[PDB]
> 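Would you mind keeping the following structure in view while I ask a few things?
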Amino acid sequence: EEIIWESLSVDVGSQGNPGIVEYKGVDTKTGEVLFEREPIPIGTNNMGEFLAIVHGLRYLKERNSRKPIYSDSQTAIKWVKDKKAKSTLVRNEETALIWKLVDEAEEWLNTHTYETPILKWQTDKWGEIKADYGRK
RNA sequence: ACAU
DNA sequence: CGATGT
Ligand SMILES: [K+]
Ligand SMILES: [K+]
Ligand SMILES: [K+]
Ligand SMILES: [Mg+2]
Ligand SMILES: [Mg+2]
């Protein structure tokens, strides 16, 4: 089982969990940063991981790219497969933004098609995903 | 347990 | 040490 180097890798970064959430996507081969989301003041690790995959899907579809996406998040991979982010985060005025983005990401999944393979990055075998923030 |  | 998730 080898790395598919012709791929996009995504990851969340946070200050606290729940806390400030951001995410980015990189070229797995080169590490070039292809997109970065502006920090969202409150969210969870898994909401951010989910938004990162969906953004990757949208980014690759817009560019007519058939590359797969790597994520290290078992949870977010399943949420994308299900088209449903089963987060426990309370809904209130401070979490409104992240929940709006998550709701809109689900809605995009429910209105668009893609063949993009969404693959588990095998951290145990390969080290940290190339999109990692270096904060652990 | 496993994945973050 | 705490948290988010299956
Ligand atoms: K990190
Ligand atoms: K990890
Ligand atoms: K746990
Ligand atoms: Mg991650
Ligand atoms: Mg990481």
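Quick note on labels: first sequence line is chain A, next is B, and so on, each numbered from 1.
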> Under 4.0 Å, heavy atom to any atom of DNA chain C: which of residues 19-36 of chain A qualify?
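Nothing qualifies; none.
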> Give me the distances for all protein-to-nucleotides 1-4 of chain C N/O pairs that come in under 3.5 Å?
residue: C/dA3; atom: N3; partner: A/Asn17; partner atom: ND2; Å: 3.1
residue: C/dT4; atom: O4'; partner: A/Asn17; partner atom: ND2; Å: 3.0
residue: C/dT4; atom: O4'; partner: A/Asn45; partner atom: OD1; Å: 3.3
residue: C/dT4; atom: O2; partner: A/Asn45; partner atom: ND2; Å: 3.3
residue: C/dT4; atom: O2; partner: A/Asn46; partner atom: ND2; Å: 3.0

> Ring pair (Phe, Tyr, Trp, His ring centres under 6.0 Å): which pairs involve residues 20-47 of chain A, sequence neighbours left out?
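Found A/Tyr23-A/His55, A/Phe35-A/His55, A/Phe35-A/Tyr59.
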> Taking only residues at least two apart or on different chains, which pairs with a member in residues 71-87 of chain A satisfy side-chain hydrogen bond (donor to acceptor under 3.5 Å, both in side chains)?
A/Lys78-A/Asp82, A/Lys84-A/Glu106
> Name every residue in residues 121-136 of chain A that has at least one heavy atom under 4.0 Å from any atom of RNA chain B, in order of residue number, or write none if there are no such residues.
A/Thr123
> Does any pair with a residue in residues 18-29 of chain A pass salt bridge (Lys or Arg N to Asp or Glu O under 4.0 Å), and if so which ones, sequence neighbours excluded?
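Counting only pairs at least two positions apart or across chains, the salt bridge (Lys or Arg N to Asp or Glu O under 4.0 Å) contacts touching residues 18-29 of chain A are A/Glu22-A/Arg135.
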> Whole angstroms only, please: what is the NZ-P distance between A/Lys84 and C/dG5?
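Taking atom P of C/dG5 as the reference, NZ of A/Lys84 is at 14 Å.
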> What is the first contacted nucleotide of RNA chain B and what is the last, in 5' to 3' order, if contact means an atom lying under 4.0 angstrom from a heavy atom of chain A?
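First and last nucleotides in contact are B/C2 to B/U4.
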> Tell me, please, which residues at least two apart from A/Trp5 pass ring-ring contact (aromatic ring centres under 6.0 Å, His included).
none
> Using the test ring-ring contact (aromatic ring centres under 6.0 Å, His included), find all partners of A/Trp121 that sit at least two apart in sequence or belong to another chain.
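Testing A/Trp121 for ring-ring contact (aromatic ring centres under 6.0 Å, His included), a comparison that skips the adjacent residues, returns A/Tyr70, A/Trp126.
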> Determine all donor-acceptor pairs shorter than 3.5 Å in which one atom belongs to a side chain in residues 96-104 of chain A; sequence neighbours excluded.
residue: A/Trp99; atom: NE1; partner: A/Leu89; partner atom: O; Å: 3.0
residue: A/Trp99; atom: NE1; partner: A/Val90; partner atom: O; Å: 3.4
residue: A/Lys100; atom: NZ; partner: A/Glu104; partner atom: OE2; Å: 2.7
residue: A/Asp103; atom: OD1; partner: A/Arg91; partner atom: NH2; Å: 3.3
residue: A/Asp103; atom: OD2; partner: A/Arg91; partner atom: NH1; Å: 3.3
residue: A/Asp103; atom: OD2; partner: A/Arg91; partner atom: NH2; Å: 3.4

> Counting only pairs under 3.5 Å, give me each side-chain donor-acceptor contact of residues 9-17 of chain A, with atom names and distances, residues two or more places apart or in other chains.
residue: A/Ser9; atom: OG; partner: A/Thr28; partner atom: OG1; Å: 2.7
residue: A/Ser14; atom: OG; partner: A/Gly16; partner atom: O; Å: 2.7
residue: A/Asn17; atom: OD1; partner: A/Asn45; partner atom: N; Å: 2.9
residue: A/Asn17; atom: ND2; partner: A/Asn45; partner atom: OD1; Å: 3.3

> Check each residue of residues 91-101 of chain A for a non-hydrogen atom within less than 4.0 Å of any atom in DNA chain C, then write out the ones that pass by number, or none.
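Under 4.0 Å from DNA chain C: no residue of residues 91-101 of chain A.
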